[PDB]
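Per PDB author numbering, the very first residue in the sequence shown carries number 1; after that it's consecutive.
Notes follow once the structure below has been shown.
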Amino acid sequence: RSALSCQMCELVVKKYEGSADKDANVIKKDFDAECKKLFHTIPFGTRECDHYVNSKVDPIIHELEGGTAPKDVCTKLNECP
Numbered sequence: 001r002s003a004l005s006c007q008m009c010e011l012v013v014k015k016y017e018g019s020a021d022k023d024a025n026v027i028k029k030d031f032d033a034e035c036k037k038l039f040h041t042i043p044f045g046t047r048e049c050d051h052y053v054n055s056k057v058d059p060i061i062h063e064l065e066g067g068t069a070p071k072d073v074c075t076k077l078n079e080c081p
């Protein structure tokens, strides 16, 4: 926490909102894709990734599912920024 957070939220969502599979499985995982490689050169990227797509992916998606946009989500969950 404190470096990406929000960003990450924009990952899971970006993967979800724009998944087309409507599956937190193909999403949460997807994120790790553009998270590990993305935050591959981070002293706490991949780590936080696996620490995001399993706690902040359930809630975040809980916002997009409800109707919340992929911006007010994390926020709602005091995730964003």
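Each residue gets a CB set at the ideal place from its N, CA and C atoms; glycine is no exception.
**Asked** Which whole-angstrom value is the C-beta distance of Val53 and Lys71, which I expect to be below 8 Å?
**Response** Counting from one through the sequence shown, the residue named residue 53 turns up at place 53. Counting from one through the sequence shown, the residue named residue 71 turns up at place 71. Not a contact, Cβ separation roughly 19 Å.
**4 or more residues per run - each alpha helix (DSSP H) lying fully within the segment 21-47** = Along the segment 21-47, the alpha helix (DSSP H) occurs as fully enclosed runs of 4 or more residues at 24-36, listed in sequence order.
**Prompt:** Residues in its own chain within less than 8 Å of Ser19 by CB, not counting five upstream and five downstream?
**Reply:** As a first step, residue 19 must be located in the sequence shown, where it is residue number 19. When the five nearest sequence neighbours on each side are left out, the beta carbons in the same chain lying within less than 8 Å of the beta carbon of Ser19 are those of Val26, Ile27 and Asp30, in order along the chain.
**Item:** Beta-carbon proximity of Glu10 to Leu64, cut-off 7 Å
**Value:** Your numbering for residue 10 matches position 10 in the sequence shown. Your numbering for residue 64 matches position 64 in the sequence shown. No, these two residues do not count as a Cβ contact at 7 Å.
**Prompt:** Hey, how far is the Cα of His40 from the Cα of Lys56?
**Reply:** On the sequence shown, residue 40 is found 40 positions in, with the first residue counted as 1. On the sequence shown, residue 56 is found 56 positions in, with the first residue counted as 1. Whole-angstrom Cα-Cα distance: 19 Å.
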